[PDB]
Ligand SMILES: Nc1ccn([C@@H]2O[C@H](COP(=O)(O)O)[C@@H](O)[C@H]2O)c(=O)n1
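One chain follows as structure tokens, the form deposited without cytidine-5'-monophosphate.
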């Protein structure tokens, strides 16, 4: 028996958690790892004698994974690490490989991690259905999947949660409170009991100094960059965006409005003044380009955070700021209640006003769980020019 640790994610949040798990396990240079990510440092990988990379394509590992495993001719135990929402597809080629060598390969255990809000939005869609029987149904259908390869599930979204019926499993959730307080999911909470933890932004503080550097290197968090967060000053971060349906294609208009929005937080005459307590940071959109240049250019005593550092990374390094606010985005679902200030919704095809904003799926759930109240949702129109 050789154990093979296999990490798979097409998004980014699983990937960060799986990398943390690698970091925890990093003393171990011998065990074999397969990294299937959509988004790793040579000074690190060269330390490991059995390390492989595989492309992800249509939320699965490509058949290259067969070639990689083909290299290990012993009996194998596979430790899998999966994106929860895409778990069934990510699992499939592994299952396909097991069928090819049924005596020699087994699945030792799963770790499953939230893509993001997607899971919650998807579960929110099942509020009317009978959860208790759908779980018994998925269990059956899942057993058929592991025997046959056939993917037929009456409730695909619930199917993602019944893996304990087949394997030792460990879930990592963005919001445990959702399962705990959503009434319709009673039978599921109970069924999952004991097998799930909240995504820890506390694991990075638990690491040794040597492992902390190791993790920072892994995720691309430069030392220079880390510096900007080295100050006992409390910190507020403004969440940028690109454009929206503001009645023009001129990118500098959008930039000028976000500069206006930002001032509503930073300037004392603004409606959302946060106070002189906080050091100001800008976390513009990755796709932002000249919008971001334009805002960085015109805003004063503001520290920029680059595209490579995302909110996810900040949280995994225990570097959440004391407040967050600005343009609305699904990242707000991840923030603790007490870190949120005010959220601004720009007009797009779904959302033309505040009533629509309060109807967005991830928003309903945050309101229902008291992560925010309605005073904190603001429609971009209501704010005046300064």
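Residue numbers count along the first chain shown, from 1.
Absent from the display: the form deposited with cytidine-5'-monophosphate bound. The rest refers to it.
Q: Among 28-36, 353-361, 43-51, 324-332, mark the stretch whose residues have heavy atoms within 4.5 Å of cytidine-5'-monophosphate in the entry with it bound.
A: Answer to the contact question: 324-332.
Q: Would residue 283 count as touching cytidine-5'-monophosphate in the entry with it bound under a 4.5 Å heavy atom rule?
A: Answer yes; at least one heavy atom of residue 283 falls within 4.5 Å of cytidine-5'-monophosphate in the entry with it bound.
Q: State yes or no: in the entry with it bound, is some non-hydrogen atom of residue 311 no more than 4.5 angstroms from a non-hydrogen atom of cytidine-5'-monophosphate?
A: Residue 311 belongs to the contact set for cytidine-5'-monophosphate.
Q: Even though cytidine-5'-monophosphate is not shown here, does residue 239 get within 4.5 Å of it in the entry with it bound, heavy atoms only?
A: Because a heavy atom of residue 239 falls inside 4.5 Å of cytidine-5'-monophosphate in the entry with it bound, the answer is yes.
Q: Residue 376 versus cytidine-5'-monophosphate, in the entry with it bound: is there a non-hydrogen atom within 4.5 Å?
A: Answer no; every heavy atom of residue 376 is more than 4.5 Å from cytidine-5'-monophosphate in the entry with it bound.
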